[PDB]
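I have placed the structure first, in the form of structure tokens, so that the comments after it can refer back to it.
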Amino acid sequence: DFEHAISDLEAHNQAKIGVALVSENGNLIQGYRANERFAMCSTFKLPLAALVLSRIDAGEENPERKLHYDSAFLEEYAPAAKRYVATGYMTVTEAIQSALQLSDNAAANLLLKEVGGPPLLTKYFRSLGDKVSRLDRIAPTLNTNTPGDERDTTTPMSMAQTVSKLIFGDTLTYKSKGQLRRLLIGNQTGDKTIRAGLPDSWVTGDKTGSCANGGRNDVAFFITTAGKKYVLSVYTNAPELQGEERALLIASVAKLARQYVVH
Ligand SMILES: [Br-]
Numbered sequence: 021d022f023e024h025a026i027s028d029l030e031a032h033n034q035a036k037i038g039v040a041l042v043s044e045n046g047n048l049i050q051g052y053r054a055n056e057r058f059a060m061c062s063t064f065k066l067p068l069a070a071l072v073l074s075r076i077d078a079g080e081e082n083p084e085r086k087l088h089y090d091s092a093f094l095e096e097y098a099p100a101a102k103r104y105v106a107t108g109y110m111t112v113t114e115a116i117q118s119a120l121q122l123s124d125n126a127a128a129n130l131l132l133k134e135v136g137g138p139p140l141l142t143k144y145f146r147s148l149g150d151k152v153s154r155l156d157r158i159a160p161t162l163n164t165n166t167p168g169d170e171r172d173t174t175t176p177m178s179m180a181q182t183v184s185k186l187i188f189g190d191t192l193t194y195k196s197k198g199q200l201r202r203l204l205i206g207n208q209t210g211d212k213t214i215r216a217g218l219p220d221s222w223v224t225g226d227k228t229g230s231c232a233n234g235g236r237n238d239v240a241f242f243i244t245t246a247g248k249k250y251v252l253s254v255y256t257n258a259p260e261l262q263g264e265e266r267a268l269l270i271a272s273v274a275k276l277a278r279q280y281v282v283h
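In full-length UniProt numbering, the protein residues as written are 21 to 283.
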């Protein structure tokens with residue numbers, strides 16, 4: 021069965037793994053430690069982009085608005101923000117794309133400043149029905165992945181359910197939904213994680229996260245050849261593996277999920 025298989029992977033790897041596979045309507049199909057708390061890491065940027073798109077939907081935000089910043093706003097990992105900084109801004113669109121596809125921390129932090137900070141992202145989660153996910157810090161200190169710390173955390177089911185509502189439910193307009201989906205499909209950081217375990221005929225979009233204390237996470241949506249729609253969340257702590265082995269670990273979880281996914 022599915023839960024014993026993940027348990028076996030936990031054993032070989034001396035790792036903690038949380039996984040949730042959820043349907044188009046948010047029902048848990050298979051899970052393992054699906055209700056345990058893990059650090060979100062950069063997976064929070066997916067809901068953050070969704071909040072900004074929701075503000076665009078409501079007319080409260082303009083995709084072309086200039087978000088002004090200077091050198092002091094940059095982060096150690098902020099490859100797009102470093103490129104744009106001499107111009108004095110990134111547009112909302114450029115910040116969304118950079119935060120999602122590159123995981124640019126400064127792009128994310130510009131978006132957080134615009135939505136009213138970690139507390140307003142937490143409120144957005146609550147407004148979707150997610151009872152668990154919470155942001156408290158800005159990037160990157162939210163990556164600390166400390167034991168027993170509940171700041172900046174979700175559960176595999178919460179996040180997968182949240183993402184199924186965004187990607188497949190009615191939270192976003194058709195335009196925003198389609199943009200979020202296409203942005204996530206063009207994610208540049210996830211080729212070795214969940215996608216690597218899924219057949220290349222399936223449409224897949226994802227957002228990864230890498231944290232301290234061996235933290236490596238991915239959440240993906242996919243659409244099968246039959247047209248069946250799913251979200252898979254994989255949250256892992258594997259402080260003994262090397263980075264490439266942490267990505268292999270996630271891909272292996274995804275292979276098991278692939279197996280289970282059927283007509
Ligand atoms: Br992050």
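Each residue gets a CB set at the ideal place from its N, CA and C atoms; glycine is no exception.
According to the DSSP assignment, residue 248 belongs to no alpha helix (DSSP H), since it is labelled neither H nor E. In this structure, the straight-line span from the alpha carbon of residue 144 to that of residue 255 is close to 22 Å. By DSSP's assignment, residue 173 forms a beta bridge with 59 and 154.
In the three-state reduction of the DSSP assignment, residue 107 falls in the helix class, which pools H, G and I. Burial state of residue 227 is buried, judged by a 10 Å Cβ sphere holding 16 or more other Cβ atoms. Runs of beta strand (DSSP E) with 3 or more residues, each lying fully within the stretch 177 to 232, are found at 223 to 230, listed in chain order.
DSSP places residue 21 in the coil class of the three-state scheme, outside both helix and strand. Counting along the chain, no beta strand (DSSP E) covers residue 34, and no H or E run does either. Between the beta-carbon of residue 54 and that of residue 177 there is about 4 Å, and that keeps the pair under the 8 Å contact cut. The three-state reading of DSSP puts residue 123 in coil, since its state is none of H, G, I, E or B.
Residue environment: residue 28 is assigned as exposed (fewer than 16 neighbouring CB atoms within 10 Å of its CB, all protein chains considered).
Residue range 65 to 77 is occupied by the alpha helix (DSSP H) that includes residue 66. For residue 94, the three-state secondary structure derived from DSSP is coil. Residue 101 is positioned such that its CB atom lies closer than 9 Å to that of residue 89. Remark: fewer than three beta-carbon pairs, one from each stretch, lie closer than 8 Å, so the stretch 132 to 140 and the stretch 218 to 235 are not flagged as touching. Here residue 112 is buried: its Cβ has 16 or more other Cβ atoms, across all protein chains shown, within 10 Å.
Those residues having their beta-carbon less than 5 Å away from any non-hydrogen atom of ligand 1 are, in chain order, 62 and 159. The stretch 230 to 244 makes contact with the stretch 161 to 170; the number of CB pairs closer than 8 Å reaches 3 or more. Residue 240 is bridged by DSSP to 226 and 252. Note: residue 43 is bridge-paired with 250 in the DSSP secondary-structure output.
A buried status is given to residue 114, since no fewer than 16 other beta-carbon atoms sit within 10 Å of its beta-carbon.
In this structure, residue 22 keeps its C-beta atom at 9 Å or more from the C-beta atom of residue 174.
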